[PDB]
Each structure stands twice: as structure tokens, then as C-alpha cells.
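Residue numbers (our numbering), protein chains in the order written: chain P, 8 to 256; chain B, 6 to 56; chain D, 4 to 216; chain E, 605 to 655; chain V, 3 to 203.
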Amino acid sequence: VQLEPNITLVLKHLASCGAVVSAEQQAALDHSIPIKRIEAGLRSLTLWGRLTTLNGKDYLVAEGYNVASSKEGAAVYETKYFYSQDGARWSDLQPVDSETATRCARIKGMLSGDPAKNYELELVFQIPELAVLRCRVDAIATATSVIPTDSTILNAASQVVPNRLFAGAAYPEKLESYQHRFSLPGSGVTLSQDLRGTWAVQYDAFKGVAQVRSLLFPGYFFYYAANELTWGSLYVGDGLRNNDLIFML
Amino acid sequence: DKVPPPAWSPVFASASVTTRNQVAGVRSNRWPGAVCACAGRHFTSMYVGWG
Amino acid sequence: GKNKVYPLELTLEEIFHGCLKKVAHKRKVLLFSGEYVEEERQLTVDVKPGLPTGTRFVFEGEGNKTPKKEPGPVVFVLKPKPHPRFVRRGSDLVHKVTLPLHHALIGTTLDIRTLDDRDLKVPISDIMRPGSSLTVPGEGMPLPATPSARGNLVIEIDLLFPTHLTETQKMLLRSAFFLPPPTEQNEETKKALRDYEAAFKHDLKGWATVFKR
Amino acid sequence: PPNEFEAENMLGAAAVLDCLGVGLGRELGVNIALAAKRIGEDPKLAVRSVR
Amino acid sequence: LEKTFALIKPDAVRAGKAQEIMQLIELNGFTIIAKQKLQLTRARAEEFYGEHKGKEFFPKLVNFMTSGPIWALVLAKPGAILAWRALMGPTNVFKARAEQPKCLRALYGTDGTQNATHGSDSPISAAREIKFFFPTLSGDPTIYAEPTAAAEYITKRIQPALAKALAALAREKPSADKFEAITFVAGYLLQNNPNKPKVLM
């Protein structure tokens, strides 16, 4: 039914889970999301998340794509990520090559504010902080991008497009009603096929709203309201990974 | 990094340092989700999150 | 076997998108008259997206016609007009931006308007070295072989050092360039730094944000 | 430097107005507070008071 | 059901009245087959205004038409050409205001040359211009599909290059399979042809 999640509805439904942004930053977002959506050629630019930092200048990260195709048995989106400290002026996040993509996953810690920070590894490897930020965003998006099943569909020329006749998911408390965004529409892959204890679902059946929380990445929340058929997802907190899931559960 | 992070980090309410009436608080790095806020004579502490 | 070679000037936008030019030719046919007689032919030349500079388009059978020899072909050699922003270097563009020193050290975001009608804001990811550069992948000219992939935009950085500095500014710079690591600082050092930061960012009598006269 | 002027606590005013249920709403209130700062800060447009 | 060409000039686009013009066009029964916003260059406009070659008003006409972006539209209706001439009204704005006050020239035009719209005159000119701005828009399956005209078309343009290609293929005689010969003849046609040049790098 919906074609792009709102920022206001998402920030309203996920407020209870701590997924909130400052009010001045909220107004700046309201003004400066369309500006970036028009400056860049994108046609769907939403807010992805907000990563914390050693300063107060958290990283607000937005994501936008033009084309979304079906390549090699996977729905692939040519995503582009932007970051900002305040909601006013956005900058871009260039992708990182594989050598850095492997040398950036060993840098556990909380990111600092200035995006001109260099971490050191071992000879010494000097890595920029924006590379680490992009690595963390890519990992979280690979592990957590959640949408209701059958919300997308395949057309001619093999483009994944919103299912304009989507009638919602029956049993919105079962994990079988949600799927990764990069699963092809025909495939029966859902969040159930992931590790059993990774995802937690709390479903308010009276107000008809379901919340899916990631336990492997503790700061990722997703909401799905069935009566109005609106689904959104945000990530608040840093992008570190919960390795010892077996002990916590 | 070879510098251990501090246990408390600042948090602001505006991107400009000239706004007239802005709250400004601190946030715990050890227990994530614990915040303290102060505006004039009205101050607060609150913890939201996983324990 | 003589041929007439003509420059063909194109703008970077045309080569990026793929133009379709109609050029005029003044061809001479020799007759019994003392002077020649000439005519204007129209030629349609179809430049493909991102053809390399120096491409030769040869029209066979077009050229001045002597009484005995069939005229040789006419050659058009592709060259680009100068651009205010970009200069192409093979398959990728080059942008030469003059950068302030504090933009180099502290870091800012360069603003670049691409050949396509999209703006671009690229952060400075570290302390930009003198004579260093930055690379934005997928933001160059298209590949002539494959009509999807492109090169990578290259920002060549030429720092713009300040012309004047006072002695107190030099004192502040030396204090910034020799500050001890944060795990080596005294409590007096931390208190002094906090006081100075609260004074420099003072909302009414501090100089952290000023309005240009 | 920014001009020194005399305004009220506009963010508090917006909070009060939203509490009572009248006025322009909180989001416009943040913008008004920042535009009034824009007006009052102007050295050329030297104002003693903005409201 | 016929269709005509019509362009909104830069004067009605600089004043932000393009959308209202489209709405009025649609309200009267037209159907916008295809639209495109585009800025002509000097050469393209001069080729566009070929009929008024060497006229007295040509300099200012070509200078105005390339001062800003315009809109190009194809409008479909049973009486599209005459209906668009009537709706578009008299060609002179000062005459238009007196004669027909509620017409596009009177409402949005300002000057003899800044009439704010341009339409076609006759079906031949309309088809020519639609082909000029929309090379891929189909149409006119009756005049083009005509045994005498089709034979003339093949003989005059396609036949001279094809005969040489089929001869070279008969000389070479490639593999008896279809695909190799088809690829060979297609490559030959795309390699040496009269109107296009040969590309070397």
C-alpha cells in the first residue's frame, strides 16, 4: 500500500524504543530531506539511522536509491548513503574496497565526531573513520534490512517494485511475515530462516502494531502497523555487533 | 585507538552555539542509555534501554 | 591521396551524453572555368557517449573532386572545448580545486556540480597532503566500451595557505600542534582547555560564529 | 559580531502554547525561534528588541 | 483521430504558466500524447524554422526561441489541427485581445513575436514536426505503407547499400548456417554505409 516510509510516522512509532532524534534536527530534516533528494538524482531518500559517538555530534545517516534490479538471484538496490552531524547539510559516503572492508571490521570501539579521524592497525595501516562508518552501515544493512513479505514484486525487465495491491501480512507476530529486502519476491526466504534467537517480535494485537527488534544488532528496530499498513525501520546506537548471543540468550 | 574512551560524553540540543535557551546534558558510556540533563535550575536523570 | 582534416569541437556535456552533430562541408569541383565552383554538403556525425579524444570520423567519397581522380575521404577529428570545471584525462575527469589550509586540516566538504544535472558534496577524509588528491569512484566519463560503467572523478588539491598570521595566532597554532595526548593531560590542562572552549564559543561575546560585514 | 538584543524564551513560549492547545505548534515554534535569532543577530539591522 | 504538434514558448515558461496551459489544453478535449521540456540550441532552432529562411523577422525569432527552455507536446483529437488553431486563436496578440479575449494569446501572449505558443499549420507540417522532435513516436501508417511509395523508399534509400552487401556475401559465401551470414551482412551494413562515417580511434 505505502510506497516509502515516512520520517514522522517512523519517529512516532519508534519513540518508545529510544529511537528519537532532536527536535531542531527534526525540523532540519523536514526541510533538508527534499533538498538532497532533488540535488542528487534519487527518487526515494529516507532516514536510515543515527549512530552515536564520543562527542554529542551523532551521525545521522540517510539512504537513497534510483534503480532496484534483480541480479543473480538477489534483489539488489544501487543504494547511496549520506551522513550529517545536523539535519541541515549532508555529505556523501563513498563505498570502500575489499582490503579496507576487511581491515575496517577489526576496529571495535565507539566512533569519534570528526570524520577526518584516522585509526591505526598492524607496519601500520592508516584507515579513515568514514570508511569504518560505511563498513558498519553496510554490515547492519546486510544483516537487518527488514520489510514485510510480498511487499515487493517483479515486473518486466526484472525490477523489484512496490506491490501496490499488498493487503498486509496475516499473523504479524510470526517472523514468517517479514523478510530481508534483498530476498527475491518469489523466494520463500524470511527472517525465520535466520538464526532462531536473533529476532524478537512484540505484537500489540489490540492497536494492531508489531515491533521487531534485532538482538544480534541490539539497536535496530522495525515497526509495522497493520490497520494503516505502514512499516518503517530505524537504527539508534552504535554499529557494533553482539558476538556472544549464545550466553545472553 | 590507544586512548581509552571516557565514561561520560556530552550531548547538545542545537547545532549552533548561539541559540538562546538550549538544554545541554551528559550521557554514560559505561551504561548505555543513561542520560542527565540540566536547564537552569531544573535537572533530571533517566535510564532507558537494555540493562 | 590527400585528405581534408577538420577539427570537431564538442563540449564535455555532449560527449558525456552523446550528441548528434550536423556539420557543413564546402566541397570544390574543378571545371574548365578559371575559378572553381563549390557546394555545401551536410554530414550527420553521431558521437557515442564518451568516445576518446582523437577519434577520427572518415567520410569516404566526400572531398574536392579533380577531373580525373575520385575524391578522397574527409576526416573529422574530435576535440573537446575547454570546460570551466572539468578536464578529461582518459576515461575520468579531473577537477582542480584551490583549498584553504584549515579546510585541509580540520576538514570540510567540497561542492562539485557534475556534468549530469546532479550536485555532489564530497568530504575531506583526512589531512590533505600538499600535492595529494581525492577520488570519487563512478563519477567520471562513461566507458566507450560499456555504456553503463564510468571512470572516477579525481580532485587534485592545491592548498591556499593564509597570507598573514599574528603572533597570538601562531601561539595558538603551536599550542594546537604540541598538545599532549588526552591520557597525559593534567587537570589544570583540562580545566584550561574547557575554559578556553567556553570562551571561544561564547554566544554573545565569543568569535566562534560571526556575521560578515 | 552578533548584535546584542532582548527577546523572551521563545522555546518556552512554544512549549506553553502547545500545553494550552493554542498557537502555531512546536515545529513552527523552533523555526520562529531561529528566525528571530537571525533577525536580532544582524549587525546591520541593529535591533534593541525582537518579539 | 488525428494529432498535431504544439510548443509552449519560453515566455510562458519563464512566467510559470506552463502547467495552467497544459491543464487548459486537457480541459478542452485534447490528450497529450507525449511531452518534453527542452532547450533548443541555435543550430537546432534554425533547422526548425527552415520555412522562414532569410525572412526579415528571422533573427529576432531565432534569438527569442533559444532564450529559455520550452515545452513540446503532441495533442490528439478528431479535429486536432483546426481545434488547436481555434483554441490558440489569432496569431497577433493585440488583434487577439480585441477579437477573441478568452484565448491563449490574449491570456498569456505579450507581443507580436512572443505569442507564447506555437502550433502546426497543415497535416504534412504537423507530421514533419512531430518526427522532428519525437523521432520514435509512431504514426501515419497509411501514407508510408503504400506499395508504390514503399517500393520507391526501398529502391531510393535501402536498396543501394543492400545490393552491395548481398554481392559481397555471395562472393565470400560464409558458412551455410543462417546466423553467421546474418551477422556478417549486418556488420557489413553497419561498417560501410553512405550517410554515416567510419569511426576510428
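For each residue, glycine too, the CB sits at the ideal point set by N, CA and C.
Between V/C105 and V/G114, the CB-CB gap reaches or exceeds 9 Å. Among the residues facing chain E, D/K208 is included, as its CB has a counterpart in that chain under 9 Å away. With contacts defined as CB atoms closer than 9 Å, V/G121 and V/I132 fail to qualify as a contacting pair.
Three or more beta-carbon pairs drawn from the stretch 133-146 of chain P and the stretch 110-119 of chain P are found closer than 8 Å, and the two stretches are therefore classed as touching.
Straight-line spacing of the CA atoms in P/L21 and B/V53 works out to 13 Å. Proximity to D/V90 across D/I158, D/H28, D/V61 and D/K31 peaks at D/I158, based on C-alpha coordinates. Short of 6 Å from the beta carbon of D/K204, and not among the five residues preceding or following it, lie these beta carbons of its own chain, in chain order: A211.
Below 8 Å, too few C-beta pairs join the stretch 226-245 of chain P and the stretch 37-52 of chain P to call them touching: fewer than three. Just measuring C-alpha positions, the residue of V/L109, V/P125 and V/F135 sitting nearest V/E49 is V/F135. Note that the C-beta distance between V/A118 and V/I34 is not below 9 Å. In this structure, the straight-line span from the alpha carbon of P/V103 to that of D/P140 is close to 10 Å. Here E/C623 is exposed. Its C-beta has fewer than 16 other C-beta atoms within 10 Å. When only Cα atoms are considered, P/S76 and D/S151 end up about 14 Å apart. The way I'd put it, the stretch 95-106 of chain D does touch the stretch 154-169 of chain D; three or more beta-carbon pairs between them come closer than 8 Å.
When Cβ pairs closer than 8 Å are counted between the two stretches, the stretch 25-33 of chain D is seen not to touch the stretch 44-51 of chain B, the count staying below three. Distance from the Cα of D/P85 is smallest, within the candidate group D/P74, D/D119, D/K71 and D/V97, for D/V97.
V/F136: not part of any beta strand (DSSP E); DSSP gives it neither H nor E. The C-beta distance from E/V651 to E/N607 rounds to 7 Å, short enough to meet the 8 Å contact threshold.
Separation of D/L176 and D/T169 (C-alpha to C-alpha, rounded to the nearest whole angstrom) is 11 Å. Your pair B/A12 and B/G30 does not check out as a contact, with CB atoms roughly 15 Å apart and the cut at 8 Å.
When secondary structure is reduced to three states using DSSP, D/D122 falls in the strand class. The continuous alpha helix (DSSP H) containing P/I253 extends over residues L252 to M255. The C-alpha of P/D93 lies about 42 Å from the C-alpha of D/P55. Within the same chain, and ignoring the five residues on either side of D/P83 in sequence, the residues whose Cβ sits closer than 8 Å to its Cβ are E12, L13, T14, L15, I18, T56 and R91. Close to P/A34, with beta-carbon spacing below 7 Å, are these residues of chain E in chain order: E631, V634 and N635. At least one C-beta of chain V is nearer than 9 Å to the C-beta of D/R59. Against chain V, the CB of D/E63 has a partner CB under 9 Å away; the residue lies at that interface. Taking one beta carbon from each stretch, the stretch 34-43 of chain V and the stretch 69-84 of chain V have 3 or more pairs nearer than 8 Å; the two touch.
The secondary-structure analysis by DSSP pairs P/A81 across a beta bridge with P/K78.
When DSSP states are grouped into helix, strand and coil, V/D13 belongs to the helix group. In the three-state reduction of the DSSP assignment, P/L236 falls in the coil class. Within chain P, the residues whose beta carbon sits less than 7 Å from that of B/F17 are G63, listed in sequence order.
At a cut-off of 9 Å, the C-beta of B/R25 has a neighbouring C-beta in chain D. Per the DSSP secondary-structure output, B/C43 pairs in a beta bridge with B/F48.
With contact defined as three or more Cβ pairs closer than 8 Å, the stretch 210-229 of chain P and the stretch 189-196 of chain P are not in contact.
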